[PDB]
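S.K.: Have a look at this one.
A short reminder: the numbers here are calculations on the coordinates, not readings from a lab.
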Amino acid sequence: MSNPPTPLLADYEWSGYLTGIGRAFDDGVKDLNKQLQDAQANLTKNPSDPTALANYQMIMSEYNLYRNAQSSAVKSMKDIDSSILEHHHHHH
């Protein structure tokens, strides 16, 4: 938000051509990836509409955090196999 502006001329147009198949090797995050692509489509309708962009930035904050928590689970999978604990959270 408060940061300087940056280029946005080609932020999305054709990436669906490979996201359409990439999502199927990502099925445990495809859920939030769909929510973020829906943000990116409310954004596609107006690329710098500030609620669309606030929405995309908010869903992207959740997307990136949940992907980091999924990578933390993968880094710990040998321990989770004996000490099972879901990594879904809000407080940190």
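S.K.: Starting from the Kirkwood radius over alpha-carbon pairs of the chain, derive D by Stokes-Einstein at 37 °C in a medium of 0.692 mPa s and give it in µm² s⁻¹. Mind dumping the intermediate values first?
M.R.: Working: Rh = 15.2 Å.
Approximately 216 µm²/s, per Stokes-Einstein.
S.K.: Ignoring everything except DSSP H segments at least 4 long, calculate the 222 nm mean residue ellipticity for the chain; use -39,500 (n - 2.57) per segment, divide by total residues, nearest 500.
M.R.: Calculated mean residue ellipticity at 222 nm is -18000 deg cm²/dmol.
S.K.: Mind pulling the angle between the C-alpha long axis of helix 50-74 and the longest principal axis of the chain? Nearest 10 degrees, somewhere in 0 to 90.
M.R.: Helix 50-74 sits roughly 20 degrees off the main axis of the chain.
S.K.: Name the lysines eligible as straight-distance cross-link partners of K75: C-alpha to C-alpha under 23 Å, and not fewer than 8 places from it in the same chain.
M.R.: By straight Cα distance, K75 reaches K30.
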